[PDB]
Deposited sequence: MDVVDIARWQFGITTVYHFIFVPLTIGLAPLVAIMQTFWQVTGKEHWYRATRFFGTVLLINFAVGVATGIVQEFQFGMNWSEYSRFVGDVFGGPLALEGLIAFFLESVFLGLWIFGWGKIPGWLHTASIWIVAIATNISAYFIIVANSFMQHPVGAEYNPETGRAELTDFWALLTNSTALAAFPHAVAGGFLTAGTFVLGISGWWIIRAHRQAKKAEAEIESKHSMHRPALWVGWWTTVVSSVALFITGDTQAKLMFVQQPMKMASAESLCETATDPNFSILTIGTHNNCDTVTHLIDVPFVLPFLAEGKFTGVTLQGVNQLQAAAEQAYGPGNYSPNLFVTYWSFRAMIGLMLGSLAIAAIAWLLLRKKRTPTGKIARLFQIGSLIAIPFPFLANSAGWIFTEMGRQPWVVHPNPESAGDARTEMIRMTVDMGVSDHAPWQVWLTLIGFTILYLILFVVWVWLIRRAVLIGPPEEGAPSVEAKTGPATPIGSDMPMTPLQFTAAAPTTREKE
């Protein structure tokens, strides 16, 4: 297999690993901030316990989210140099703005949240976690603007002298309809991920604690997760509907893969001979997966509401089935986000920059198109094989340790304390297992 497909595989693997961890951050930084705000204003201890528990999970997720992010930015020019030349004039601006605003805000203020508990006033600590949440959303927006230029190029004009699409309208790029539709949907996807996680863990722990004050944090956290899951599901339905309407016009080949023959004919008779269709199987099953896994999250939310109404607690085999259902439902939104993005990127094929349908007539913008074969940096295939294998193995190790470490934190359970203590130096950001061996004794 030649360098083009190895580079496609490397990009796909690395950034699928990245968006395994991104949605949990996008949804959970807001939820942790909300829980800490509750602890601040209400003063109740169970809110502090929820803050500590889900902030432990948040910090683990945030860690793996940063490294995978790092590779994606460079991978752009390492593996797709011709692409990185054709679009860097217009595409690189959103990346620069993301790094300059959102990445700096989230990194700096998450450092403050992890380490500056007593060094700043507590309202400022809650402000730091709120800033991290907002910054994660902003980064989502700028990245999605860049990818939406890839999907629906606007605000750019081709320059035959440089042979390169060049920026000519910044506002059209920032307010691209594809970006303004895809951003809220990714935000609701992250919120679905975090809400499903919180709901599942809290229901599992409600049952577990009933079987076994100290565990009083589970029910309020369960309702935070329930509200987040329901609201994010509704937001997902609305935003996905908007994006379906957009995809109808901008990218008819995507939906035809979710007629294909007529569009293929028009494409080859407009851009020259060659295949101009995506992988039908992958597109179809990614789109359906992007939906069924949401169905799973909604199922767990409905069952949790049925069983836990009016401060009720199941006690029979229903309790065991509910625990199992919660744990099984947790991975569903991770898989749904991955499926949706895989649908997006595979239906983008064979274009790394899609031809804007409205730009077809306009000569000064008709050349903003590019294919994947023409955008790849020409490498000796052994180099790309080496990098793909190295990244895949390192990422598998990181994901396995990540799962193990979250499982350990969850099994440890909520903190015995209800307020930060100067002794033991714990606060709303202290990880749950920070003072326990690899396998806790209890």
| query | finding |
| --- | --- |
| Gaps in the model, given as deposited-sequence positions counted from residue 1 | 213-221, 268-317, 502-513 |
